[PDB]
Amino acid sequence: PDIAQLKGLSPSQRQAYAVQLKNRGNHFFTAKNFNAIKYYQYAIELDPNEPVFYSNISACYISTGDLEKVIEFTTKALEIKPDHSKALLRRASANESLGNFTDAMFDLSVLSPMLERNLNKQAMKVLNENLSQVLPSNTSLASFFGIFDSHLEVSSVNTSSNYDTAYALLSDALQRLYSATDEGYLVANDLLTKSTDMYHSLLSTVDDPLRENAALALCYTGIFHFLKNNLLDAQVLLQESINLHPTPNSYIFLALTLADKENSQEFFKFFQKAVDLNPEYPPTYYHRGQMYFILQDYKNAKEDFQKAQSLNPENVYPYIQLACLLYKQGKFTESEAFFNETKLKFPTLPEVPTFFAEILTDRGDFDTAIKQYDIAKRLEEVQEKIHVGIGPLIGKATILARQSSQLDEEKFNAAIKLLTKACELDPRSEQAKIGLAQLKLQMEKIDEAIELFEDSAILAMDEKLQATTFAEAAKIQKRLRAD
């Protein structure tokens, strides 16, 4: 066509030509002769108000891989008709290819596995852009150290070296650790790292007391790395500790660091070595029992927990585990009786009603579970040191949130209040943050939710990605509602 002469025909005749030129373009597109584009341009010169011509041009650029031209032409289609289905999906498809996942998800949302694919791509892009010196929550630290005999651990620092200038700092580190307080863990973490650095220097005139104190510093600085999820850092120090002076703790800790869902043969051989070094050490049996428990080997778990109990009968944790095993074995009555007998011995410890409340919740006795968590919270408030920390708040808030919308606005507000308090009392709890974030999102407090989801991701690899995913999904909802 000479478009010169066509443009000077009538409006019926000029449009008629558009339908005719468009159709010629379509013939070529079907014949994989995309350079189609020329005929559509011709059509545009006669009818620039037709979004089909721009949308068709963009289908050609999809076919030849010009992703930037796809965006330009689908955009032109969409500026005429913002709800054009093919333009929206083509533009989302090209944006995904260019790595503009939020733009893709936006158009896919307006259009309505594709959404989910781009969400994942966005979460990994953001996780990779973003990404430890950060401890787990004080609640989780108190639980981890609950089995150990503080006095024994603090007194295991040797005061008799002629060269050791770090032992007093090491002693303060352990003192702080076993105070089981928010300040205690932060100070322990600081001073263990400092003691280890001093020990590396000292090791380089050395004597055996200094070697054993170094092994002790290395052993705890190692488990702190494990707790921070720096597994290689942990293994390096634990191995150094073993190379200096083998101890049951260093074997327990190295086993935890190298634990393997596939083969648990190595885990159990470390524990045999720990047993050999000291067959009269309660935490060895307790931790091995924990692993048999996790592997659902209840007979062997019971044996080990009974051994831990028989070596340190003043520690509440072996009793609790034994009661939990009864419940898992299919014996609630006997479990409840064991918890009650344990509550008689340890009437001030919140560990007993907190673990029992978890069993009640599993049974669906939510009202009794909440009463147990109420008691646990009061017992916890009265103690100087952390026992169960924010566990009861999270426990009760989770029940109340699920009961509220299964809206009971009083239970839902109560849950918010509980999780808000939990977040303030234990700022490094990702559990508390994510819990609160989901409720904020239900209330359409999107900005608040996003901040909580993002903090949780800082705090939490698959966990970091899950939190990042919640945050990125919420940012898209925010963008949609903004327009």
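Start at 1 with the first residue shown and count on from there.
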Would you mind checking whether residue 85 is unresolved in the model of at least a third of the other PDB entries compared? no
For the other entries of this protein included in the comparison (both sides of the residue modelled), is residue 35 absent in a third of them or more? yes
Between residue 112 and residue 113, how many residues of the deposited sequence have no coordinates in this entry: none, 1 to 3, 4 to 9, or 10 or more? 10 or more
Unmodelled deposited residues flanked by residue 296 on one side and residue 297 on the other: none
Higher average CA B factor in the deposited record is what I'm after, so tell me if that's 149-157 or 113-121. 113-121
Comparing 465-473 with 21-29, the higher average Cα temperature factor in the PDB entry belongs to 465-473
Deposited CA B-factor, highest of 354, 189, 130, 235: 130
Would you mind finding, among 374, 260, 380, 240, the residue with the largest C-alpha temperature factor in the entry? 260
Among the modelled residues of its chain, the C-alpha B-factor of residue 303 falls in the third labelled middle
Relative to the other modelled residues of the same chain, rank the CA B-factor of residue 50 and answer lowest, middle or highest third. lowest
Within-chain third of residue 411 by Cα B-factor, per the entry: highest
What third of its chain, lowest, middle or highest, does the C-alpha temperature factor of residue 179 fall into? middle
Considering only modelled residues of the same chain, in which third does the CA B-factor of residue 445 rank: lowest, middle or highest? highest
